[PDB]
Amino acid sequence: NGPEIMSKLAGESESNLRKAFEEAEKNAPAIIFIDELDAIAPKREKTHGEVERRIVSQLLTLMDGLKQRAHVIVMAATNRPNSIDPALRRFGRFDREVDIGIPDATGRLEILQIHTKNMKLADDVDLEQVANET
Amino acid sequence: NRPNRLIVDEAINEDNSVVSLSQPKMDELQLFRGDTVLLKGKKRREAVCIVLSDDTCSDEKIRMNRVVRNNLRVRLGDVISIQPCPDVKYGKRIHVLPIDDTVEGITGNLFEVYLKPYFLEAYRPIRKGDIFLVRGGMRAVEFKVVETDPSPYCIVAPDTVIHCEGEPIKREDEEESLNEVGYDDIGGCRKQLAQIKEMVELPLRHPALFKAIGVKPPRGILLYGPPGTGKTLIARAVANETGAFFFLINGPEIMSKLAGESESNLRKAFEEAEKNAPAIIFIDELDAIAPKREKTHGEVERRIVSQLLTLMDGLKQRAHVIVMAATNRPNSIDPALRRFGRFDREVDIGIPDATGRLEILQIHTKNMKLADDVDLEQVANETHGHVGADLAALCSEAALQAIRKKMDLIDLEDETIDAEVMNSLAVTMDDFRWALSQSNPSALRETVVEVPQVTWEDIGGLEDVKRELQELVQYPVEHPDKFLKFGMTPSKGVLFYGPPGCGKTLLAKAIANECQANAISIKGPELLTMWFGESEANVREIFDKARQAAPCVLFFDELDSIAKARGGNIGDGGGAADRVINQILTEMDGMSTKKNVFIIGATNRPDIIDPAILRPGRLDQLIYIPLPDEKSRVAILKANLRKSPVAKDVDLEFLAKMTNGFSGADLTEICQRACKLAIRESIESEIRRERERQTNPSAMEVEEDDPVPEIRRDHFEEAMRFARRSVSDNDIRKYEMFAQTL
Ligand SMILES: Nc1ncnc2c1ncn2[C@@H]1O[C@H](COP(=O)(O)OP(=O)(O)O)[C@@H](O)[C@H]1O
Ligand SMILES: Nc1ncnc2c1ncn2[C@@H]1O[C@H](COP(=O)(O)OP(=O)(O)O)[C@@H](O)[C@H]1O
């Protein structure tokens, strides 16, 4: 979690990051997930603290090292591709990008079905209209 | 003086145990190509190889590759001996063994598949100690001759036995790893690699010579280019091809620490490089360490920049260490480094061409299997905007596209996948097309400098302008001295004025193709983008690129676009000046003649162009491009139709005579319309044919005939209905008036 790293000091933060990477490597084949990546590594124009720039380089070194060792895979979640640094979007760190976009009427209907399983419904539901109106 | 020894050089023939020398030195050695010859080298080792001769190679150069050099303990520029080997013997069982960690993760009867086809029909002259190599099934493995039943060297008989056993062993520290790179592992950077090699071959192969003369070598080099182009790869290849010690530094690894650790690591790096002289230092992501002071706020950043400057200054006094740095653009970093003594020498890598992309594909397709359908020429043509890594990824992706569902399901239960089934799979072009269309994150949109392919034959007629053009460009370079004898100074600019669609853009590239020089083209939308964005500084960059790509040609079209934007031809109240042409004139006037950078402009409304750009100097010469005539229209039609299949009932001269006041594009559009009609007719006919007989359950009904492989006068005469004039006669009268009032 991004904030959990930003809510500490340099030593603790850059020890937890490394320790997480070692733990992921030890339990291979494993997966690492990161969210709120913007909170950690935005473009340098928005960064002023020296510690903030000292926390991005560590991540780049770890990503470069990953290629040599183990089967670990890394996945990150962001709001928009341009919100983060362009140095991560290179060959060997975050080459692959994917979009989730937004569900359609069929997707909304499916989500309603998922969320209405254990619930009891009457005969007047007609979820199609709700999906159209949603 | 004893022409026994000889110099080393690259090898063209990739087959091992093979060489290539010049034609004349046959009696100089008294032997033929088929003759087998032993070749000497240090640590008291000599290897046998077959012979062959070429012509392009000088009489003083041997041709040989990485593996033979490895089993001879040699590098380029060195020298060895030679002696023919008519005393060869046909060797029976000669025990071998696969000696590497390449073994790791292998299975199957590699013996047969890998070796029997290699030694097949080979008669490979083999001598003990050889470390010969072979590639197959996405991998590349090597074997060493441990014993030769007859010794030391022997022919291999297609009948000789190979009872192949033994387990992997270790490579002594003497020889290096197969993975180590070389000049043969890169393509598309032939010009740059030549510059670097010629620049840094003396200080490392001949340092005592530098100590013997008073001259200042370079002790700092900068390379700029987009990411994924092969800069660190080039550095490591150069280091491996000379034996000089190599050391690496990573920008983030320094910024991921505190001041003391960072500024201790840098000093220790420099000290180790000095102690291991002759050595090379490489730095990447230099912008991450030393950007311009405007972007730095932390004091420690300035401290590390100052430390780097001081260490660069201190390098000059001590040792033979060389420093190389990699960046994206020259202006991204501080200007204090670009001085005399720190980073004086600079280099561009740019982008590979179709040939370079083809070479990269060949490099990355060695171990991978392939099929007949696959051709690397068409793929290179459809891979614009791809640099290095991209292609590699593509390759891998394509391979997986074949493996994933078919092989996984088959092997899931049948048996633990072995080498035989693993390498049995080939690759198909449909897989390449899938990997190309689906995964096409082209990573580049910047300008491209390269030699075009258009030729005079592509253009129709216009011979006199060809003669007038060769004089302005060819004669200077072919015969510079002639001008010195007289008092002439060649002009550097020309301007084309005329109606649209008359091949003005084609000449600028035909000239470059004839002269084999780089070409750059900037379109009007870019000029308007700079005008609205009020960014005239970019102009300078363009010229710098041309300055570094000389000899080259510069092209500007839609030069009247700005004048048309602000008001009509007369314009608004303002005059005929603007913010961009002023910068262009400022750059042109302050340019040297010896750089050989020609300038071409093009337009169709010279009336409103600023006169200041046509004064003696600058763009003094003007040429008029008229509408194609009958004899030119036939040539244009033939040139446009030399690519598509056509019938013979056509009468091209009849159509050309029928056309008057037409443009070159006015005929290409007719060709495309007729081709579209043919495609539509074929589609409808084929779909109807497939649909009709499906109801009729005839298991076999194949009257297979190309419904319309070629087009007739019907489609063309249909197309002439929509084919009409484009340029008004009044416009031609205006052009002639402007061409006569001069
Ligand atoms: N000219 C080239 N020929 C072959 N491979 C290349 C070339 N340029 C880049 N590559 C590929 O790029 C990868 C290395 O990228 P690198 O050169 O480190 O990126 P950068 O240019 O940003 O330093 C290698 O795996 C290599 O296969
Ligand atoms: N002399 C010519 N011979 C063959 N094709 C021509 C000729 N002139 C124009 N064309 C056609 O016109 C197109 C290029 O148009 P161009 O003449 O560059 O326009 P502009 O004059 O605005 O630069 C090409 O596709 C080409 O087929």
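Numbers run from 1 along the shown chain.
When the header is checked for method, it gives electron microscopy, 3.6 Å.
Cβ coordinates are placed from backbone N, Cα and C, and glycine is handled just like the others.
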### Task
Scan B:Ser81, B:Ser561, B:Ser682 for the residue that Swiss-Prot records as phosphoserine.
B:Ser682
### Query
Which one of B:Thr416, B:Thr428, B:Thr447, B:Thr586 shows up in Swiss-Prot with the note phosphothreonine?
B:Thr416
### Query
Of the residues B:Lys170, B:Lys295, which is given the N6,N6,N6-trimethyllysine tag by Swiss-Prot?
B:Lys295
### Query
According to Swiss-Prot, phosphoserine sits on which of B:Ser332, B:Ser442, B:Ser728?
B:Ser442
### Message
Can you work out which residues elsewhere in the same chain, 6+ from the ends of the region 'Disordered' (B:688-707), have a Cβ less than 8 Å from its Cβ atoms?
### Response
681-682
### Task
Measure from the CA atom of B:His364 (ATP 1 binding site) to the CA atom of B:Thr505 (ATP 2 binding site) and give the result in Å, rounded to a whole number.
36
### Task
To the nearest whole angstrom, state the Cα distance for the pair B:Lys482 (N6-acetyllysine) and B:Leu233 (ATP 1 binding site).
45
### Task
Just give me the nearest neighbour of B:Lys504 (ATP 2 binding site) among the recorded positions B:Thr229, B:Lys231, B:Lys648, Cα to Cα.
B:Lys648
### Listed in sequence order, residues with CB under 8 A of B:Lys231 (ATP 1 binding site) and six or more positions away
B:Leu223, B:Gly225, B:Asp284, B:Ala326, B:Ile349
### Message
Just to be sure I understand the contacts, which recorded positions have a Cβ under 6 angstroms from any atom of ligand 2? Candidates are B:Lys231, B:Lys295, B:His364, B:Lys485, B:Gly501, B:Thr505.
### Response
B:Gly501, B:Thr505
### Chain A neighbours, filtered from recorded positions B:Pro227, B:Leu233, B:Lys485, B:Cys502, B:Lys648, Cβ-Cβ distance under 8 Å
B:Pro227
